[PDB]
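J.: Protein chains in written order, with full-length UniProt numbering: chain A, 18 to 492; chain B, 4 to 135; chain C, 7 to 272; chain D, 1 to 89.
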Amino acid sequence: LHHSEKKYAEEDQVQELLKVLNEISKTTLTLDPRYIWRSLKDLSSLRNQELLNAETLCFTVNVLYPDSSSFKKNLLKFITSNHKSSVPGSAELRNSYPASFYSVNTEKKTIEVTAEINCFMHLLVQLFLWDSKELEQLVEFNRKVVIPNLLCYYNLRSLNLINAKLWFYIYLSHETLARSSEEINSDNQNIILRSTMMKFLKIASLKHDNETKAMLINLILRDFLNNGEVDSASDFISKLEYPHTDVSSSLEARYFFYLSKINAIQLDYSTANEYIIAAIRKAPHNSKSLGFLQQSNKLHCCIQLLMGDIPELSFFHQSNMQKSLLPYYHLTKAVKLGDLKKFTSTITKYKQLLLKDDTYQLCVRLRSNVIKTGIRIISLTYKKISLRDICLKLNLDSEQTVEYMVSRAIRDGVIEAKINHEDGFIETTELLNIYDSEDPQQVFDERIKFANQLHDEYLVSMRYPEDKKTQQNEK
Amino acid sequence: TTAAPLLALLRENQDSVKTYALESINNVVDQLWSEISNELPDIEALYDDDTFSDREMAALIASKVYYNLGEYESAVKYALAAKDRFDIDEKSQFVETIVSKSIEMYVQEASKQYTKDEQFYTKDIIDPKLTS
Amino acid sequence: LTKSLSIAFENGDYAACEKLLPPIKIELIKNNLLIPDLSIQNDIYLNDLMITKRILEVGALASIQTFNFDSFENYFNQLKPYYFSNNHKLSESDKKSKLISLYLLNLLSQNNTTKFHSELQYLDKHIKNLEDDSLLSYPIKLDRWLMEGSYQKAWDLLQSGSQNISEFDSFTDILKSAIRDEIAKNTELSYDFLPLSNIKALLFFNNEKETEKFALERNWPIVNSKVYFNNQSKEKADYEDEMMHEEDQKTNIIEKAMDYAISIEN
Amino acid sequence: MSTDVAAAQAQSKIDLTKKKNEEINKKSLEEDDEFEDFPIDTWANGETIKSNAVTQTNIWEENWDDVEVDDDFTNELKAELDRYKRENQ
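#1: Could you tell me which of B:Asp120, B:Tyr75 and B:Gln116 sits nearest to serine 103 of chain B, measuring between CA atoms?
#2: When burial is assigned at 16 or more other CB atoms within 10 Å of the CB, is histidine 302 of chain A buried or exposed?
#3: Report the CB separation of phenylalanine 174 of chain C from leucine 67 of chain C in whole angstroms; it is logged as a contact under 8 angstroms.
#4: For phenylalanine 273 of chain A, which of helix, strand or coil comes out of DSSP?
#5: Relative to the C-alpha of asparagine 202 of chain A, which candidate in A:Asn386, A:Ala231, A:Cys75 and A:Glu153 has its C-alpha closest?
#6: Consult DSSP for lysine 232 of chain C and reduce its assignment to one of helix, strand or coil.
#7: CA-CA distance, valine 32 of chain B and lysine 161 of chain A?
#8: Tell me the residue span of the beta strand (DSSP E) that contains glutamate 444 of chain A.
#9: Take the Cβ of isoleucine 205 of chain C as the centre, count every other Cβ of all protein chains shown within 10 Å, and call the residue buried at 16 or more, exposed below.
#10: Quick one: which chain A residues come within Cβ less than 7 angstroms of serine 40 of chain B?
#11: Closest to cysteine 319 of chain A by C-alpha separation, out of A:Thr349, A:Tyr52, A:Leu409 and A:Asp484, would be which residue?
#12: When you compare the region 113 to 120 of chain A with the region 163 to 183 of chain A, are there three or more beta-carbon pairs, one atom per stretch, that lie closer than 8 angstroms?
#13: Going along the chain, which residues of its own chain have a beta-carbon closer than 8 angstroms to the beta-carbon of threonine 4 of chain B, five neighbours each way excluded?
#14: With respect to the beta strand (DSSP E) encompassing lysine 435 of chain A, which residues constitute its N-terminal and C-terminal limits?
#15: Could you pull out every unbroken beta strand (DSSP E) segment of at least 3 residues lying fully inside the region 27 to 112 of chain A, listed in chain order?
#16: I'd like to know whether the C-beta atoms of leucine 202 of chain C and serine 231 of chain C end up nearer to each other than 7 angstroms.
#17: Quick check on the DSSP output: the alpha helix (DSSP H) that includes residue 17 of chain A runs from which residue to which?
#18: Along the region 82 to 97 of chain C, what residues have a CB closer than 9 angstroms to any CB found in chain A?
#19: Between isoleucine 64 of chain B and the rest of its own chain, which residues show a CB-CB distance below 7 angstroms, the 5 nearest in sequence each way excluded?
#20: What residues in its chain sit with their C-beta under 7 angstroms from that of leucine 34 of chain C, if we drop five residues either side in the sequence?
#21: So what's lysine 125 of chain A in DSSP terms, helix, strand or just coil?
#22: Of all the alpha helix (DSSP H) runs that stay within the bounds of the region 162 to 221 of chain C, which reach a length of 4 or more residues?
#23: State the Cα-Cα distance for the pair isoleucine 49 of chain D and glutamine 339 of chain A, rounded to the nearest angstrom.
#24: When you compare the region 142 to 158 of chain A with the region 190 to 205 of chain A, are there three or more beta-carbon pairs, one atom per stretch, that lie closer than 8 angstroms?
#25: Taking the alpha helix (DSSP H) that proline 344 of chain A falls in, what are its first and last residues?
#26: So, are the CB atoms of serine 124 of chain C and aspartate 248 of chain A less than 7 angstroms apart?
#27: Between which residues of its own chain and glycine 65 of chain C is the CB-CB distance below 6 angstroms, once the five residues before and five after are set aside?
#28: For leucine 7 of chain C, collect the residues of the same chain with a Cβ closer than 8 angstroms to its Cβ; drop the 5 residues on either side in sequence, then sort them by chain order.
#29: Along the region 6 to 27 of chain B, where does the CB come closer than 7 angstroms to a CB of chain C? Name the residues.
#30: Please list, in chain order, all residues of the same chain as residue 325 of chain C whose beta carbon is under 7 angstroms from its beta carbon, the five residues on each side excluded.
#31: Would the region 218 to 234 of chain A count as touching the region 258 to 267 of chain A if we require 3 or more Cβ pairs under 8 angstroms?
#32: Tell me, please, which residues DSSP counts as bridged to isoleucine 402 of chain A.
#33: Using a Cβ distance threshold of 8 angstroms, determine whether the region 154 to 161 of chain C contacts the region 89 to 98 of chain C, with at least three qualifying pairs required.
#34: Let me see if you follow: with CB-CB separation under 7 angstroms, is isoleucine 133 of chain C close to chain B or not?
#35: Consider the Cβ of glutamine 122 of chain B: report whether some Cβ of chain A lies at a distance smaller than 7 angstroms.
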């Protein structure tokens, strides 16, 4: 009855572990273990949540533990203790195995392979805390317990890949506690959090684990951004090592999205634009991914107004993301029309929301782009145009001031005009017919090379999974 | 975190804070590796100047920085230049990384010079720290 | 030494502060070891922490005023760990608001807007609505007016900061030198002829002699009281052609097809 | 609720048991779903999505309007006032 329910959950987990244990006894590998490990983690996340708070505890007790079973149980005491299903028949077993962590063998200590087992019991305690949706001291206790265990000995390739996924949860739970209710010791412990993450990346370099390296790089970028330590992250992004070989496509989505943030801050709007489109196309359409997409789209609108490119109105309408994106929709219309008065209203109306996402800093730089976009519209509309007419339209000062705006603005080439100060007009330089110039030559070359690069990626990838299947016995 | 307080100590003009800077940078060299790699030539100027007895310490920093960058080749050169303070990290549970690359490098050199004559144990192409 | 720097600052002597500081640097090693370096913060390490902030705070404000911007950036960098953490428990003060204001001008007067905007995030997390902008508004307004391109609003904001002879003014003159250079970068495309009275107007000179003097130094050929931007443009273009980039900078007709050819056979 | 063309990523990616945890982690990292936070945060519900016909619910196609001000009242005033000048010419 009650023993049956905890026993069933345990038996699911055992088959998944046993599968990997067999695989790493032949020869440790990276990718074949992970696909199984990801499937197990889903089942554990769903069973911890839905089925009582003591179904983790049964497992933890059931296997041999250094001191983890007692640290697990502590967490459960606080939220109404459990004591049930820890008597023999939940502790008189070590759960079907052939002989490599089987009951008879382990107790006898003809072998002991707590190696794999310890890393999985860590995976449970992280999942279980985010399920509870709780933070306080329990976070601290999770931080303290697992980190030196993993640092008092080197890990095998399989075990390093379990412990990369624990680091993300440690980091996430620390950062949420600051956001629920800021504290003063959260600040000093953040230096500690900061130290371990970078030290980890060195540790993973020696084991030559591709998937372990990538996931830590994603963490360092995120950690700098919420601390706002962009200076240190600017040195980091020009000195990376990221592989895209074995990484999951969630990791790749995240990586590109982080770059777009730092770049936008450094006043690169052209590189930021390329990478934010990369991040979105990797990500799913699902409501699973919903919140990742909103922050991404907030940044994506912002980059375009920083360029002078001005997002589509369709883009808000085809998504059902309208209400989240409502403040960027009012900025889009404002910059396009040239109306500073419309713009100033938008940034006062929605100040609070923008400042939450910490995208308000990026938004104030847009008060400039109204003025510069306004001069580009006026140079399109009239080839030659008096200085005074600009002052009326955009609600600016003297003509001398307007002269200065254009002199600066054509250093980037935004207006693409030039001022005559003895003829008293502004004369734009565009009169297209660049197909009579040598320009398209340059362009076609680039598209051809872009095609060549997709061909190459096709070649290496097409045959590598083919090769696994043909080698593998299935006849 | 930021490496910025640490750079200022090297730049500060008193002898005493320049000695302490190398100690402070080296403690957290695995945390601030990408930061201090840009300004690794400042530390090379302190290696030249003969007013330090932490010349050996300054060289040691360089090794850890170049491993995290990606070039293992450069790290072992400057580990050998440091002389001692590299025999304490052969059994840690954290960093043995710089050491293991030395074992590799001697095998590469060993093949090349054996063919000329069996003796190569008195060549200056092989550093005495490397043999140890 | 240690308490002596405090009162030398207070008097108004700043040549005194820098002279005496290399001795106190040794004892700054002693102070740093007393705190664990912000792993936990007692009211005993609070007492220690004030000693550590104090030496550096007064050293850094004084650096500006003897025109050692180089030394200013050293002292300021040292404050950063205390500024980062333990807020609302001896980390935030009137001196802090003053000190960060001055640094933002340092990065801007060096003309790194890469750095200035990346430094601004870090501050977003700290005071900008917890001690609101009243002295930090100054460098942020200025950076904005040159991004829209209005050098009018920018010169005015500098000129009324020149009323306030304090130490903020030591970065204002750098920033008025900077407005001249930017315009001198722009004017090459903008015009081809300006009379000398017109050059004076854009470059914010009140003296026609002063305009001629900048032109020597900035390499503008004014001949018969009219400038020739087309010549200057040539010289700079010539330099850019000279350097090795050059086959695939232009991208040769031949070079394009050679690329295509080997790809289909590879 | 789908970012760009709704069908273009609905066919591009679909669920797997393997991916499902990582996706949930992505939305938690930003900290919320960020479409149900926003009504509470402002303490209102939509009326400024009722700005234009196309904004409210996309059951039309795009016009490329963004204020939707009738342009018949201004074109009528030009027409009559111009005639009178010519009449008094």
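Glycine included, each C-beta is placed from N, C-alpha and C at the ideal position.
T.: From the atom records:
#1: The count along the second sequence starts at 1 and reaches residue 103 of chain B at position 100. If we check each option's Cα against that of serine 103 of chain B, B:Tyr75 comes out closest.
#2: In the first sequence, counting from the first residue as 1, residue 302 of chain A sits at position 285. Result: buried.
#3: Residue 174 of chain C sits at position 168 when you count from the first residue of the third sequence. Residue 67 of chain C sits at position 61 when you count from the first residue of the third sequence. About 11 angstroms separates the two Cβ atoms, so there is no contact after all.
#4: If you number the first sequence from 1, residue 273 of chain A lands on position 256. Reduced to three states, the DSSP call for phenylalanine 273 of chain A is helix.
#5: For the purposes of this step, residue 202 of chain A is taken as residue 185 along the first sequence, with counting starting at 1. The candidate whose alpha carbon is nearest that of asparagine 202 of chain A is A:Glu153.
#6: If you number the third sequence from 1, residue 232 of chain C lands on position 226. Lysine 232 of chain C: strand per DSSP, three-state reduction.
#7: Position 29 of the second sequence, counting from 1, holds the residue named residue 32 of chain B. Position 144 of the first sequence, counting from 1, holds the residue named residue 161 of chain A. Distance between the alpha carbons of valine 32 of chain B and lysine 161 of chain A: 23 angstroms.
#8: On the first sequence, position 427 is the one that residue 444 of chain A refers to. Per DSSP, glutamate 444 of chain A belongs to the beta strand (DSSP E) from 442 to 445.
#9: One-based indexing of the third sequence puts residue 205 of chain C at position 199. Buried.
#10: Here the question's residue 40 of chain B lines up with position 37 in the second sequence. Ordered by position in chain A, the residues that pass the 7 angstroms Cβ test against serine 40 of chain B are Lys256.
#11: By 1-based counting over the first sequence, the position of residue 319 of chain A is 302. Nearest of A:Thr349, A:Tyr52, A:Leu409 and A:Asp484 to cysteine 319 of chain A, Cα basis: A:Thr349.
#12: no
#13: Counted from its first residue, the second sequence places residue 4 of chain B at position 1. Counting only Cβ-Cβ distances below 8 angstroms, and skipping sequence neighbours, we find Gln34 and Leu35.
#14: Counting from 1 along the first sequence, the entry for residue 435 of chain A is found at position 418. Unbroken beta strand (DSSP E) run through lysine 435 of chain A: 434 to 437.
#15: none
#16: Residue numbering aside, residue 202 of chain C sits at position 196 when the third sequence is read from its first letter. Residue numbering aside, residue 231 of chain C sits at position 225 when the third sequence is read from its first letter. Yes.
#17: This structure leaves residue 17 of chain A out entirely; chain A is present only between 18 and 492.
#18: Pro87, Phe90, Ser91, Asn92, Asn93, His94, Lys95 and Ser97
#19: As a working note, residue 64 of chain B is residue 61 in the second sequence. Excluding sequence neighbours, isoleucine 64 of chain B sits near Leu25, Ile28, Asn29, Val32 and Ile46.
#20: On the third sequence, position 28 is the one that residue 34 of chain C refers to. Once the five neighbours on either side are set aside, the close Cβ partners of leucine 34 of chain C are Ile61.
#21: Counted from its first residue, the first sequence places residue 125 of chain A at position 108. Helix.
#22: 175 to 196 and 202 to 208
#23: Position 49 of the fourth sequence, counted from the start, is the residue given in the question as residue 49 of chain D. Position 322 of the first sequence, counted from the start, is the residue given in the question as residue 339 of chain A. Going from the Cα of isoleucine 49 of chain D to the Cα of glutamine 339 of chain A covers about 8 angstroms.
#24: yes
#25: Mapped onto the first sequence, residue 344 of chain A falls at position 327. Looking at the DSSP string, the run of the alpha helix (DSSP H) that includes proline 344 of chain A is 343 to 354.
#26: Residue numbering aside, residue 124 of chain C sits at position 118 when the third sequence is read from its first letter. Residue numbering aside, residue 248 of chain A sits at position 231 when the first sequence is read from its first letter. The answer is yes: Cβ separation under 7 angstroms.
#27: If you number the third sequence from 1, residue 65 of chain C lands on position 59. Contacts found: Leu27 and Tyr81.
#28: As a working note, residue 7 of chain C is residue 1 in the third sequence. These residues qualify, in order along the chain: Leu26, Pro29, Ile30 and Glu33.
#29: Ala7, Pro8, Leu10, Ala11, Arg14, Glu15, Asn16, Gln17, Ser19, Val20 and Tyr23
#30: Residue 325 of chain C falls outside the range modelled here, since chain C spans only 7 to 272, and no answer is possible.
#31: yes
#32: As a working note, residue 402 of chain A is residue 385 in the first sequence. Bridge partners of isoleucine 402 of chain A: A:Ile443.
#33: no
#34: Start at 1 with the first residue of the third sequence, and residue 133 of chain C comes out as number 127. No, no contact with chain B.
#35: Residue numbering aside, residue 122 of chain B sits at position 119 when the second sequence is read from its first letter. Answer no: the Cβ-Cβ gap between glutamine 122 of chain B and chain A never drops below 7 angstroms.
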